[PDB]
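Visitor: Got a structure for you, written out below as structure tokens; questions coming shortly.
Rule-based calculations on the coordinates, nothing more; no lab input. Here the Cβ positions follow ideal geometry from the backbone for every residue, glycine too, while neighbour counts run over all protein chains shown.
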Amino acid sequence: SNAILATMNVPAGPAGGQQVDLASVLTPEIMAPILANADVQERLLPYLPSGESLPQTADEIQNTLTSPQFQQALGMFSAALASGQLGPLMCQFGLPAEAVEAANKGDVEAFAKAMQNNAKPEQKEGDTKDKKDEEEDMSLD
């Protein structure tokens, strides 16, 4: 059994990225399905800044974490990520192997990098050579 709302919040302190800006690489729509998971919320609790709250549904996450609050909430995200506490979670969302590895290693830039490199929405689905004449004939055709 797990599901522990650990109320041990004595300090506060999100840990964002200085080189790779998390808010410009990760958008609310990507974070929403993740943060809507109460399990990740558990891991974000120790890093939850003062005044911030954890939205339950993706829609309200978008409403609350528009930009200022988003950078703060994403900062606690990367904070739990840096600790590796948020690592195993990434695989359960169907996230890139490189991203889940990064989340376990606690590398926030690698996560952000691998996210938009692998979850890159260009709909590349179906790489198979059962079509395309990449080797053609020369005579008449």
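Visitor: Regarding residue 80, is this residue in contact with a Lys or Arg (Cβ under 7 Å, 6 or more places away or on another chain) and more than 16 Å from residue 30 (Cα to Cα)?
Guide: Yes.
Visitor: Could you please find all residues in region 2-40 being more than 27 Å from residue 120 (Cβ to Cβ) and of a type in the set (S, T, N, Q)?
Guide: 2, 7, 9, listed by residue number.
Visitor: Identify, from the list 53, 24, 78, 1, the residue that is surrounded by fewer than 17 Cβ atoms within 10 Å (Cβ to Cβ), in contact with a helix residue (DSSP H, G or I) (Cβ under 8 Å, 6 or more places away or on another chain) and not aliphatic (A, V, I, L, M).
Guide: Testing whether each residue is surrounded by fewer than 17 Cβ atoms within 10 Å (Cβ to Cβ), in contact with a helix residue (DSSP H, G or I) (Cβ under 8 Å, 6 or more places away or on another chain) and not aliphatic (A, V, I, L, M) leaves just 53.
Visitor: From the list 86, 95, pick out the single residue that is assigned to a loop (DSSP other than H, G, I, E, B), farther than 17 Å from residue 5 by Cα and aliphatic (A, V, I, L, M).
Guide: Checking each option against the conditions leaves just 95.
Visitor: Can you tell me how many residues in region 96-141 are polar (S, T, N, Q), within 30 Å of residue 83 (Cβ to Cβ) and either crowded, with 17+ Cβ neighbours inside 10 Å or out of contact with any helix residue (DSSP H, G or I) (no Cβ under 9 Å at 6 or more places or on another chain) (or both)? Before you say what the answer is, go through the steps one by one.
Guide: Narrowing region 96-141 to residues polar (S, T, N, Q): 104, 116-118, 123, 128, 139.
Then keep just the ones that are within 30 Å of residue 83 (Cβ to Cβ); that gives 104, 116-118.
Next cut, either crowded, with 17+ Cβ neighbours inside 10 Å or out of contact with any helix residue (DSSP H, G or I) (no Cβ under 9 Å at 6 or more places or on another chain) (or both) only: 104.
Final tally of qualifying residues: 1.
Visitor: Going through region 66-86 one residue at a time, which ones are without any contact (Cβ under 8 Å) to a residue 24 or more places away in the chain and among the aromatic types (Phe, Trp, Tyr)?
Guide: none
Visitor: Taking region 87-114 on its own, how many of its residues are touching a residue at least 60 places away in the same chain (Cβ under 8 Å) and not charged (D, E, K, R)?
Guide: So the answer is 3.
Visitor: Within region 27-50, take every residue that is in a loop (DSSP other than H, G, I, E, B) and among the aliphatic types (A, V, I, L, M) and give me the one that is surrounded by the fewest Cβ atoms within 10 Å (Cβ to Cβ).
Guide: Ranking the qualifying residues of region 27-50, first place goes to 36.
Visitor: Do we find a residue being among the acidic types (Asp, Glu) and without any contact (Cβ under 8 Å) to a residue 24 or more places away in the chain anywhere in region 25-43?
Guide: Checked against the condition, which is being among the acidic types (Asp, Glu) and without any contact (Cβ under 8 Å) to a residue 24 or more places away in the chain, region 25-43 yields no hits at all.
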